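K.L.:
Would you mind keeping the following structure in view while I ask a few things?
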Amino acid sequence: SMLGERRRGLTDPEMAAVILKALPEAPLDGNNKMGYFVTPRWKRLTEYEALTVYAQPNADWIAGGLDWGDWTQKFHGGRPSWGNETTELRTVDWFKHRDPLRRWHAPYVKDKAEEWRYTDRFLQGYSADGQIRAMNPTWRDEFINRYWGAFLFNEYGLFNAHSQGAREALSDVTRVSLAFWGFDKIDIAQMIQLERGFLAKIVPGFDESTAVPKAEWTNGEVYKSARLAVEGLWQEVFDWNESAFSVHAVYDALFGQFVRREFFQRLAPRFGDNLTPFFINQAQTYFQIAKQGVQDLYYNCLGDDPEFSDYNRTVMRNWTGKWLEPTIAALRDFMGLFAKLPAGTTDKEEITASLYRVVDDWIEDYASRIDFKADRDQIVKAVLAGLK
Amino acid sequence: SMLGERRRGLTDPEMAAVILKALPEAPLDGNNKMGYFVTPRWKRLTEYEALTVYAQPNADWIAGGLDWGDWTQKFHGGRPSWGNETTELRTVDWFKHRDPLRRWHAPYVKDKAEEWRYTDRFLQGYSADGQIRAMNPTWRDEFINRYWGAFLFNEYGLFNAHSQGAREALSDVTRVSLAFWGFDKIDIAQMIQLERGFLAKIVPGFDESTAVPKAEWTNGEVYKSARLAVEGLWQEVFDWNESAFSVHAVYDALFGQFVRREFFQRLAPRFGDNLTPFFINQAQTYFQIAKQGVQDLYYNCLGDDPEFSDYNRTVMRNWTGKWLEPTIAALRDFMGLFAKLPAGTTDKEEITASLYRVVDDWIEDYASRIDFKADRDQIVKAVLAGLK
Amino acid sequence: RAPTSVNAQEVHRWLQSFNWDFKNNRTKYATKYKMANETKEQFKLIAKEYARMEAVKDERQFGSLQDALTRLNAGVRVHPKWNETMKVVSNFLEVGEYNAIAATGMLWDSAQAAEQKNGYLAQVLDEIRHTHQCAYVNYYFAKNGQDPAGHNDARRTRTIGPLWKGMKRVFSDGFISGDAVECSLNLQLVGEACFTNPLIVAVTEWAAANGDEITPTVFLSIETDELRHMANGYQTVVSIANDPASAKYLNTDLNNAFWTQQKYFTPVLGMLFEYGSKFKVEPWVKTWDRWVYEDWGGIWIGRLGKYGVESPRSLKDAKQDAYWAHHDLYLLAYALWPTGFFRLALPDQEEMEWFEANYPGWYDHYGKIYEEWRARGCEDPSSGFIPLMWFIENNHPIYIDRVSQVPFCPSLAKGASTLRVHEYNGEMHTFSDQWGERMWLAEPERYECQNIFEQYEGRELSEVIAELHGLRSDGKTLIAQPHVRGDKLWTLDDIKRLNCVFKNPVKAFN
Amino acid sequence: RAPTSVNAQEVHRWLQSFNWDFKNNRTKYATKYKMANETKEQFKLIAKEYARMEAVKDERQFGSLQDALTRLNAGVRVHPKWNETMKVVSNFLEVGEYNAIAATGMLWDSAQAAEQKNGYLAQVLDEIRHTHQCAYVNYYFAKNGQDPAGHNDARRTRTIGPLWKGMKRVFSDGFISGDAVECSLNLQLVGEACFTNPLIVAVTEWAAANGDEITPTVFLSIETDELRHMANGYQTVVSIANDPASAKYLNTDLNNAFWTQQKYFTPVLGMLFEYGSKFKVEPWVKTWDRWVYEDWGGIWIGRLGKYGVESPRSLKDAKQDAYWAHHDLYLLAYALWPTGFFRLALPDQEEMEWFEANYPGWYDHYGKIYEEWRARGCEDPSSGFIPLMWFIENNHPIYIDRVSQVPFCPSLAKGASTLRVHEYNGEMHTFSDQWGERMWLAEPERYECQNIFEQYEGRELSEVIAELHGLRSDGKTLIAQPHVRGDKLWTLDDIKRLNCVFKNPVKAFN
Amino acid sequence: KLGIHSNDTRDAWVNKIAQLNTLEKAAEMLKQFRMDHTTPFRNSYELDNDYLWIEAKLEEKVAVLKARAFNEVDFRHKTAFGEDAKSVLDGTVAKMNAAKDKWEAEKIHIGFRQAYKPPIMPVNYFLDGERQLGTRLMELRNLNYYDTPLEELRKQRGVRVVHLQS
Ligand SMILES: [Fe+3]
Ligand SMILES: [Fe+3]
Ligand SMILES: [Fe+3]
Ligand SMILES: [Fe+3]
């Protein structure tokens, strides 16, 4: 009706007076800061830290936990809900990690939402502006639809590699970062399909069906080793840290960066394609956002751990060697794609220089952080063997 | 204090009790829809119309006005606050116009805010990803810093052309669109400087000062006719409608669209420059946005006015011809810029195709609307006469 | 490869150089001053950052409104009198916000320095936001309130009454018609600095006191933008301070601007606060003295001293005419209640005690009159009595100042009672003060606004109302009412049966 | 060349084809079931659109919280008892939200169909949102409320008391430890569908009734996401229905999941509602029967009959053991008040009438006991009395169910009075029901949780409290209190003087 | 010193652990600790309140020593005892699949954990084991879960019934 039936304590005269009368003269404690006991990473405690740190009910027997005692219910056989046994890495405190971008859920969906709506505006402006007219047909129907399209499966696989980590992460801050690294990968795979669906609307005859790209991924040669690496990272790794580390600090940092930035971002422009770079901009931004988090966890927190620095670097060096070979194989097979381009698109020197950029960035941003002795020319020479 | 000293009628028992006691048993009118008397352009009245239509207090002597009588205070001499005498165009109702995007202030700043935040994120990813490494130094230090930067004065000039219209517009719906059209123009100009400032930060010897690009605009040959047309559309036109129509449905639709889309947007990619296209994507999205509004006002409302259809078309055809010449001239001069490009960048076959795109697009979106009979060949021919 | 970007300030550093020289690069509007083209603005903003800072405010605001406030039924649990008051406050302010757009657009054109243009431009956009915000307030009270009529159509129903004319003079025409600098003085130097900035805040205070949390949510958000406009007005003076024309014209345009603004707000604003509410915040006399004399006339104007700015010479005159101004006007507003788009209420016992306490002598004059009118049945449709009849009976003519449009009644007023009548080329003119009289005598063609008696002359009351849609949804009940209760609402017929016909009071001198 | 784009459904149409075949493409977790490879999902979302729909909700929520609600001092104007109740309600729910993240990550790994993985993924992200939302409620009340202690450090001070252990069983370990399907039943088919979805709404009602508009704002927003999780639970059943293993194990895992959830909720939720509030909304007895029996155990569960799902075989025992459950528990929670992170209050006169009225026999049992305790001075810090002492004096030992962790006192309870004590390989175990006993007997290694008496044995009370930071910022006054008044708060010294020492009640058995 | 998070027992074990400076000795002590203090089959419940924490400290030492002693291939594929991890995993899964009943199955799974829980067996193999062993154990246990009366189940589990109220 008018005022409704339900009476509310905040506005109902009778109820509010009863409430007001029971109130103390002033707060029963002046410490009005939730999470006041959390060691701040920065000058002052951030909202990101207060709302996140210690949400995970770990007992002290899992490094950094504040609770005590065993879990209340475990797996058949005895496996603990969460335990040290789920990863080879050790630390003095699993809650030390901090996403440098301080992303909790609200900030995270806010930014992705801005990107979504702006993406919509971009496409409507792109289509209304008829910019598709200047795109090379072959590049569009062959390289974007088949090869860029096949790459969605690569990103989809890397997304899935995160499933076990979402379940096993030993702290809130690591779980949140991990969940967001994985979510951004599925987003990219979906944006790759989004572009194909958009082209199917503005280009007569373009088929948005994933059949072609999927056949390329599952049975082609260009992505054969890439797919083999992805299947391994995702399903053969049962260690949540080996998974996240190898995915972001080895495979995606080398293969991913090469394909996205040194192939498609670098060549699409040459074929009158401003469309693909729009989506790759998002993928590279996400890649750089993830890197900060990946570096803080594996290098700042674990690789530099006051008690397990040496141990952790040994393990990560191990993982890097383990996954570098399959990653090189991935790049090597991808080299086969250059032979498909129209003559004069690019040459061996540009390709080589671009490989070195990716390798040098990787050595600086990752390898060097754990003292992994990477030989850049040896890596590039191994890859170049794939050029036909 | 914890409760404070100010008592609020919604929560204070005593005060709320008095208020509740004075309330009627039910609303004193069931018509709870503000702006219910406004004629909906679409199925149902939108928030856009409700909150905007009839905010301007025009009396009936200004087509569409709902008020009565003269203004309370006029200019020295007797000129009315707002009057029919400020534009040649006539109409049965100045409140007919509707922004197809239905933009009132909130949606407008929401979208631009998302773009600002994206933008910041994109620049951060760009720099961290080291994408500047693949950009042509000459194209950067010469075509982006000098020629693209000089174009900012063009957009800045089109921005200012809107000042008188922000003062003279004869309705709220038209005034809101106009303001946004001009605000987007200053934004573009500011984005051009932003890019140069960004380049200045990542390219050690790059100077962000507007000195170079300014002198190019004020004393160059490339934009001489461009600047002449701008200075005229801005300070020689005293009719708000001629200014708006001539800027968006003539000049910027031809010269502007060519420079932005057919030159920098089309050629920048070929020089490993995905940075500039990022900002041009905005300018074009903005252009297409303002286009739907420009079309609805001058064609849907005026050009097709139930009583002044023929009359308005005559005036706009007249305006089209009046400014088509200074616009065609601005283009010719710009053609001189191709000669400064490194050999092999583009050929007359391509430029001819791009010019026909701009012209055919113009004829399709503007020219044919008021039945101005334009010859694509003659225009393209007259413009093309500016090479070597 | 460090993550890098560029902020607003870094781009704004080069904004001043955006403008270039050329023959016809000058204002298109008539003005006696010269704004220096080296003038700078206080806030270093660019379009994108501006959008972001405003978008964030919008979030809070609309979030509160659509969610918590709606769940608390905030649109309903407001005093009836205040619900009515907001129909006038929000919509009348809306026009001030709207014309301010055109005004700052004119100022944008007037400025020559790119930075000064940019400052005015930011206001252009802000005033658009405020227009939509005020509209949203009426929109929300229409959608969720106890009485949508008026809130839902003020944009057309406001044209029926005389109060609206005066509002257009200070908030519409005063903002855009005349020397750009005069307009700036009316809008920013006086309007915003002296009245609106303080007013917006006060409104949220009176609203909270009366159960309205909707207006505070929106108006406090509007308030956060005002600092930019204050600066614009302040920079307007700095821009013309070195031009010789300034020492010759500024203080005159300011005084005129000051008198113009105060002439309306002094009576009207105090009336809306004290008579459009149940719960009181502070006596208007105290508020007025603080706002006008101390804060503005003292502190604010003082800071412009080094620029040749002096207190309006009409200041003393304004203070003498102020004391009873709002009380005198409510008598007229209520007497003519059928011409409004709102519902009015006579002071209750507690209120009369409050008025007498704060305004000694109030009861013996206004109080007795109100009780006389009520006992006679002014609230009852079957009485056949509308206070206007009492004015006719006791020969108390009501005039409209040709300049300010403010209604005044010389024979009854406890405040100013001066009256000047003139004839010029077949037309009569009535003035209520010496400042406005001068304005008309010197600028006849700037002031030809027809008053309600002139337009409605010979017309029967109910016909004017029906014609201008002064009806509620049922097509019979008046939007306006002489009480705020839910029963015994007056209908078009109740008015028609009175046979009231408008007459031009000035013709009595014929 | 018309303005065109692409939406979520358009991309989702092809999402199912994203997964591909390879030898090792299989779940990494142990399970008796096989989720169908072609299982589809109800909502067709992609990451971008998911973020947008949640982003919109956040704006509204935080807007209300930061703006209007703050201006209304909504964080303060709540009944003392409810401010305490939210310390527990919000932080305990927080852990459920948190563990649900890991739970759905485990289900995402389990599903083989891309669409089913995608559905679980959406929940993974929603549960992170909910974790942060619940955190925000405590965060808001700590920053703006009448008593921040507990609200500000629950993540560590919750570890002191016994109620927390049971919460981790149903909302933490029950969600992620076991067959992924068993976990899905605990979380989605039972947890959310039976208890959480109705619970979240109920809390907003109790909250509004007690002056709290903070919780309704957040929780009502949380509720909008639950529809998707319901569908995930439902789809879990569909995905495994055509598998032979289903007929063999589904109903057993479902029955176990039902008893697990119910065992804790039945007594705790009802206790927080009736004893943690001033104004009552509805008697827990009827709320429970409508929720568990009608809505869930009938409508909802019957819809899954076509997939082999049957009504939990322990449903009857749950109902019989439900009537007095929460009343039996509050006696224990109040007696052990020094071990909490929230302030408790004895039922007031008006409340005892309500209890007696709604639960005939309440006064003769609980009523008198509370009267005796207050007579003994349980609210007074100088009494030297803690209800626990009364349990000792009257030989009423308090045990902790080895499986559910729920505290029970069989000798003094009006509800279940069962007690099974077993000795196995050098360790003593105590069970309160035949369902939990079977769980332990069949799965000894899944239930080794040490109880508070076991961990605190031989420790003086004040020492445990001090060590686990159960103090206010003054470092002397206890966070927990036996009354909710603002004066005469117990300090650590008051407790130490009691010289209370923990002992393991099971050690009495030979 | 008798605290929850810090006490003499914990300190004493930290010292014992500090003296394990050889992989074989440390690994053997970890496994012995697990036989003595973990699972419902532990040889004793004397360290019930601190074993979880002490076990983690012992794991830390074994991990650190193993990483220093083993080459990269052995760190990935060999147990701390020098056994080939895949062989152990497969052999244990084979035994589990041959398990005649749920009683034999629980012994296999629980024992596997006590002997090979990571720093001993590489986590990759170990969790693959959990995946496989846990499945069979549950398949056997959850079949006709309620058929056996509590009276008889107590006998099967072999508890000593100390007290019953109903
Ligand atoms: Fe404003
Ligand atoms: Fe303003
Ligand atoms: Fe949830
Ligand atoms: Fe949920």
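Chain labels follow the order of the structure tokens: the first chain is A, the next B, and so on; residue numbering restarts at 1 in every chain, and ligands are counted from 1 in their shown order.
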Give me, as a list in words, the residues of chain D touching chain C, with the criterion being at most 7 Å (counting only C-alpha atoms).

P.N.:
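Result: residues 59, 60, 61, 63, 64, 66, 67, 68 and 217 of chain D.
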
K.L.:
Compute the set of protein, DNA and RNA residues whose minimum atom distance to ligand 4 is at most 7 Å, using only C-alpha atoms and all ligand atoms, and state it as a PyMOL selection string.

P.N.:
chain D and resi 97+123+127+192+226+229

K.L.:
Name the residues in contact with residue 379 (chain A) at a cut-off of 12 Å, using only C-alpha atoms, excluding same-chain residues fewer than 3 positions from it; report them as a ChimeraX atom specification.

P.N.:
/A:254,321,324-329,331-332,352,355-356,358-360,362-363,373-376,382-385

K.L.:
What's around region 150-160 of chain C at 6 Å? Count only C-alpha atoms, leave out sequence neighbours fewer than 4 positions away in its own chain, and write the answer as a list in words.

P.N.:
residues 34, 35 and 67 of chain B; 87, 138, 142, 339, 341 and 470 of chain C

K.L.:
Generate the output file for the selected residues, N, CA, C and O atoms, as an mmCIF file, in the first residue's frame.

P.N.:
```
data_model
loop_
_atom_site.group_PDB
_atom_site.id
_atom_site.type_symbol
_atom_site.label_atom_id
_atom_site.label_comp_id
_atom_site.auth_asym_id
_atom_site.auth_seq_id
_atom_site.Cartn_x
_atom_site.Cartn_y
_atom_site.Cartn_z
ATOM 1 N N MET B 34 6.602 11.720 -14.727
ATOM 2 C CA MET B 34 7.042 13.068 -15.052
ATOM 3 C C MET B 34 7.298 13.190 -16.562
ATOM 4 O O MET B 34 7.974 12.347 -17.153
ATOM 5 N N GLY B 35 6.738 14.229 -17.182
ATOM 6 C CA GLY B 35 6.911 14.434 -18.612
ATOM 7 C C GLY B 35 5.900 13.657 -19.441
ATOM 8 O O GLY B 35 6.072 13.477 -20.652
ATOM 9 N N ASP B 67 5.387 28.195 -23.033
ATOM 10 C CA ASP B 67 5.194 29.345 -22.152
ATOM 11 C C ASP B 67 4.515 30.461 -22.937
ATOM 12 O O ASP B 67 4.209 30.290 -24.118
ATOM 13 N N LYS C 87 8.458 20.908 -5.471
ATOM 14 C CA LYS C 87 7.988 21.044 -6.843
ATOM 15 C C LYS C 87 8.512 22.383 -7.348
ATOM 16 O O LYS C 87 8.925 22.505 -8.498
ATOM 17 N N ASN C 138 12.410 16.023 -9.356
ATOM 18 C CA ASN C 138 10.967 16.087 -9.611
ATOM 19 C C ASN C 138 10.484 14.743 -10.164
ATOM 20 O O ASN C 138 9.409 14.260 -9.819
ATOM 21 N N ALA C 142 7.734 12.453 -8.451
ATOM 22 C CA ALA C 142 6.543 12.198 -9.256
ATOM 23 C C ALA C 142 6.297 10.696 -9.255
ATOM 24 O O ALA C 142 5.181 10.237 -9.037
ATOM 25 N N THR C 339 -3.434 29.952 -8.894
ATOM 26 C CA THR C 339 -2.566 30.144 -10.047
ATOM 27 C C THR C 339 -1.261 29.364 -9.935
ATOM 28 O O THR C 339 -0.405 29.470 -10.805
ATOM 29 N N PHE C 341 1.099 25.630 -9.004
ATOM 30 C CA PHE C 341 1.168 24.247 -9.467
ATOM 31 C C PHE C 341 1.612 23.417 -8.273
ATOM 32 O O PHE C 341 2.242 22.364 -8.410
ATOM 33 N N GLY C 470 -3.908 23.319 -15.679
ATOM 34 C CA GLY C 470 -3.664 23.334 -14.247
ATOM 35 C C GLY C 470 -4.506 22.306 -13.514
ATOM 36 O O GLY C 470 -4.936 22.535 -12.378
#
```

K.L.:
Residues of chain A within 9 Å of chain B, counting only C-alpha atoms - could you list those as a ChimeraX atom specification?

P.N.:
/A:1-3,9-17,24-27,111,113-115,117-118,121-126,128-129,131,134,261,265-274,277-278,281-282,284-289,361

K.L.:
Using only C-alpha atoms, which chain C residues lie at most 8 Å away from chain A, written as an NGL selection string?

P.N.:
:C and (72-73 or 76-77)

K.L.:
I need the chosen residues saved as a PDB file, in the first residue's frame, with N, CA and C atoms.

P.N.:
```pdb
ATOM      1  N   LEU C  72      13.652   2.347   1.560  1.00  0.00           N
ATOM      2  CA  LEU C  72      13.202   3.042   2.766  1.00  0.00           C
ATOM      3  C   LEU C  72      11.937   3.859   2.501  1.00  0.00           C
ATOM      4  N   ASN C  73      11.472   3.842   1.255  1.00  0.00           N
ATOM      5  CA  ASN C  73      10.281   4.591   0.871  1.00  0.00           C
ATOM      6  C   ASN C  73      10.505   6.076   1.168  1.00  0.00           C
ATOM      7  N   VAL C  76       8.177   8.916  -0.075  1.00  0.00           N
ATOM      8  CA  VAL C  76       6.888   9.096   0.587  1.00  0.00           C
ATOM      9  C   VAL C  76       6.879   9.734   1.979  1.00  0.00           C
ATOM     10  N   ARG C  77       7.750   9.255   2.855  1.00  0.00           N
ATOM     11  CA  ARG C  77       7.804   9.720   4.238  1.00  0.00           C
ATOM     12  C   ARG C  77       8.364  11.130   4.426  1.00  0.00           C
TER      13      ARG C  77
END
```

K.L.:
Could you pull the residues within 8 Å of residue 279 (chain D), counting only C-alpha atoms, minus those fewer than 6 positions along the same chain, as an MDAnalysis selection string?

P.N.:
chainID D and resid 206 209:210

K.L.:
Quick check: residues of chain A within 12 Å of chain E, only C-alpha atoms, returned as an NGL selection string.

P.N.:
:A and (58-71 or 74-80 or 83-92 or 164 or 168 or 233 or 235-243 or 307-322)

K.L.:
What does the file look like for those residues with C-alpha atoms, as a short mmCIF file (atom, residue, chain, number, x, y, z; two decimals), in the first residue's frame?

P.N.:
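Okay, selection19.cif is ready:
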```cif
data_model
loop_
_atom_site.label_atom_id
_atom_site.label_comp_id
_atom_site.auth_asym_id
_atom_site.auth_seq_id
_atom_site.Cartn_x
_atom_site.Cartn_y
_atom_site.Cartn_z
CA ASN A 58 43.97 -21.73 7.51
CA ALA A 59 45.33 -23.11 10.78
CA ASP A 60 48.92 -22.32 11.73
CA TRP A 61 50.20 -25.62 10.27
CA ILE A 62 49.85 -24.11 6.78
CA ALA A 63 52.42 -21.28 6.77
CA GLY A 64 50.89 -18.00 7.94
CA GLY A 65 47.53 -19.34 9.14
CA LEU A 66 45.94 -17.86 12.27
CA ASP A 67 43.59 -20.73 13.19
CA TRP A 68 44.43 -23.93 15.02
CA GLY A 69 43.64 -27.62 14.72
CA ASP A 70 42.79 -30.02 11.91
CA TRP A 71 40.04 -29.45 9.36
CA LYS A 74 38.61 -34.26 5.09
CA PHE A 75 38.62 -36.35 1.88
CA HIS A 76 38.16 -40.11 2.00
CA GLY A 77 41.67 -41.36 2.74
CA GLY A 78 42.52 -38.34 4.87
CA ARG A 79 43.66 -35.63 2.45
CA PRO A 80 43.20 -32.21 4.11
CA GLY A 83 47.46 -28.57 2.80
CA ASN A 84 51.19 -28.06 2.25
CA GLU A 85 51.21 -31.33 0.28
CA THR A 86 49.52 -29.76 -2.76
CA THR A 87 52.59 -27.83 -3.94
CA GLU A 88 56.37 -28.23 -3.92
CA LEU A 89 56.94 -24.57 -3.00
CA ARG A 90 57.45 -23.56 0.64
CA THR A 91 57.17 -20.15 2.31
CA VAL A 92 57.16 -18.49 5.70
CA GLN A 164 42.92 -26.98 -9.91
CA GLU A 168 44.04 -25.69 -4.10
CA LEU A 233 50.28 -27.69 -18.57
CA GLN A 235 46.12 -31.80 -17.39
CA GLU A 236 49.51 -33.28 -16.52
CA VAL A 237 50.44 -30.76 -13.83
CA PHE A 238 48.84 -31.46 -10.43
CA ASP A 239 50.82 -28.74 -8.59
CA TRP A 240 48.89 -25.43 -8.57
CA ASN A 241 52.06 -23.36 -8.41
CA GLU A 242 53.87 -25.30 -11.13
CA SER A 243 50.76 -24.67 -13.23
CA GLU A 307 63.75 -18.86 4.65
CA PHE A 308 63.04 -20.67 1.38
CA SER A 309 64.55 -18.38 -1.25
CA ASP A 310 67.21 -20.85 -2.34
CA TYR A 311 64.82 -23.82 -2.28
CA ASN A 312 62.10 -22.02 -4.26
CA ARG A 313 64.50 -20.73 -6.91
CA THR A 314 65.84 -24.26 -7.37
CA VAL A 315 62.30 -25.56 -7.92
CA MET A 316 61.32 -22.75 -10.30
CA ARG A 317 64.58 -23.22 -12.22
CA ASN A 318 63.52 -26.85 -12.48
CA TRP A 319 60.05 -25.94 -13.75
CA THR A 320 61.52 -23.43 -16.24
CA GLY A 321 63.79 -26.08 -17.75
CA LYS A 322 60.94 -28.59 -17.78
#
```

K.L.:
Restrict the calculation to only C-alpha atoms, then for each residue of chain E with any atom at most 6 Å from an atom of chain D give the closest atom pair and their distance in Å to one decimal, rows by chain and rising residue number, as a Markdown table.

P.N.:
```
| residue | atom | partner | partner_atom | distance |
| --- | --- | --- | --- | --- |
| E:39 | CA | D:445 | CA | 6.0 |
| E:40 | CA | D:445 | CA | 5.8 |
| E:131 | CA | D:30 | CA | 4.1 |
| E:134 | CA | D:30 | CA | 5.3 |
| E:135 | CA | D:30 | CA | 4.7 |
| E:139 | CA | D:32 | CA | 5.8 |
| E:159 | CA | D:424 | CA | 4.9 |
| E:160 | CA | D:423 | CA | 5.0 |
| E:161 | CA | D:422 | CA | 4.8 |
| E:162 | CA | D:422 | CA | 5.3 |
| E:163 | CA | D:421 | CA | 4.9 |
| E:164 | CA | D:420 | CA | 4.8 |
| E:165 | CA | D:419 | CA | 5.0 |
| E:166 | CA | D:418 | CA | 4.3 |
```

K.L.:
List all protein, DNA and RNA residues that have at least one atom no more than 9 Å from any atom of ligand 1, counting only C-alpha atoms and all ligand atoms, and write them as a compact mmCIF listing (two decimals) with N, CA, C and O atoms, in the first residue's frame.

P.N.:
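As written to disk, pocket.txt reads:
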```txt
# COMPACT_ATOMS: atom_id res chain seq x y z
N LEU C 93 14.88 25.82 -9.80
CA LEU C 93 16.35 25.77 -9.88
C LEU C 93 16.73 25.20 -11.24
O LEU C 93 17.68 25.66 -11.88
N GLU C 94 15.98 24.19 -11.69
CA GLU C 94 16.24 23.57 -12.99
C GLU C 94 16.43 24.62 -14.09
O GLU C 94 17.34 24.52 -14.90
N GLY C 96 17.35 27.71 -13.72
CA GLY C 96 18.57 28.46 -13.47
C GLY C 96 19.75 27.64 -13.99
O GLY C 96 20.67 28.18 -14.60
N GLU C 97 19.71 26.34 -13.74
CA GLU C 97 20.78 25.46 -14.19
C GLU C 97 20.78 25.46 -15.72
O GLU C 97 21.83 25.56 -16.34
N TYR C 98 19.60 25.34 -16.31
CA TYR C 98 19.49 25.29 -17.76
C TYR C 98 19.98 26.56 -18.46
O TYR C 98 20.77 26.47 -19.40
N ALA C 100 21.97 28.66 -17.29
CA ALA C 100 23.38 28.81 -16.95
C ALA C 100 24.23 28.15 -18.03
O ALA C 100 25.38 28.53 -18.26
N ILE C 101 23.67 27.14 -18.69
CA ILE C 101 24.38 26.46 -19.76
C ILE C 101 24.65 27.48 -20.86
O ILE C 101 25.80 27.72 -21.24
N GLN C 123 31.88 24.48 -16.93
CA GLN C 123 30.61 24.87 -16.31
C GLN C 123 29.45 24.57 -17.25
O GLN C 123 28.38 24.15 -16.80
N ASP C 126 28.68 21.19 -16.53
CA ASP C 126 28.16 21.04 -15.17
C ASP C 126 26.69 21.45 -15.07
O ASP C 126 25.88 20.77 -14.45
N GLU C 127 26.36 22.58 -15.69
CA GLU C 127 25.00 23.10 -15.63
C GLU C 127 24.03 22.17 -16.36
O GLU C 127 22.84 22.14 -16.04
N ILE C 128 24.54 21.42 -17.33
CA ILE C 128 23.71 20.45 -18.03
C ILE C 128 23.45 19.34 -17.01
O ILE C 128 22.31 18.89 -16.86
N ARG C 129 24.49 18.93 -16.29
CA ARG C 129 24.32 17.88 -15.28
C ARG C 129 23.33 18.29 -14.18
O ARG C 129 22.55 17.47 -13.70
N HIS C 130 23.38 19.56 -13.79
CA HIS C 130 22.49 20.07 -12.74
C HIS C 130 21.06 20.18 -13.23
O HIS C 130 20.10 20.01 -12.46
N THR C 131 20.91 20.47 -14.51
CA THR C 131 19.58 20.58 -15.11
C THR C 131 18.93 19.21 -14.98
O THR C 131 17.81 19.08 -14.50
N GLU C 192 25.46 32.61 -7.96
CA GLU C 192 26.11 31.45 -7.37
C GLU C 192 26.85 31.74 -6.07
O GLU C 192 26.59 31.12 -5.05
N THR C 196 22.96 30.81 -4.58
CA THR C 196 22.87 29.38 -4.86
C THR C 196 23.80 28.48 -4.08
O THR C 196 23.36 27.49 -3.52
N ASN C 197 25.08 28.82 -4.04
CA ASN C 197 26.03 28.00 -3.30
C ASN C 197 25.55 27.77 -1.85
O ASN C 197 25.57 26.64 -1.36
N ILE C 222 25.31 18.18 -6.41
CA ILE C 222 25.37 19.38 -7.24
C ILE C 222 26.39 20.32 -6.60
O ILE C 222 27.28 20.87 -7.26
N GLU C 223 26.24 20.50 -5.30
CA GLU C 223 27.11 21.38 -4.53
C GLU C 223 28.60 21.13 -4.77
O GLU C 223 29.37 22.09 -4.86
N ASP C 225 30.19 20.59 -7.32
CA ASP C 225 30.67 21.18 -8.57
C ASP C 225 30.80 22.70 -8.50
O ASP C 225 31.52 23.30 -9.29
N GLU C 226 30.10 23.31 -7.55
CA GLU C 226 30.07 24.77 -7.44
C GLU C 226 31.41 25.50 -7.29
O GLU C 226 31.53 26.65 -7.72
N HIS C 229 32.62 26.90 -10.54
CA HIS C 229 31.89 28.06 -11.03
C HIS C 229 32.25 29.32 -10.27
O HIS C 229 32.27 30.41 -10.85
```
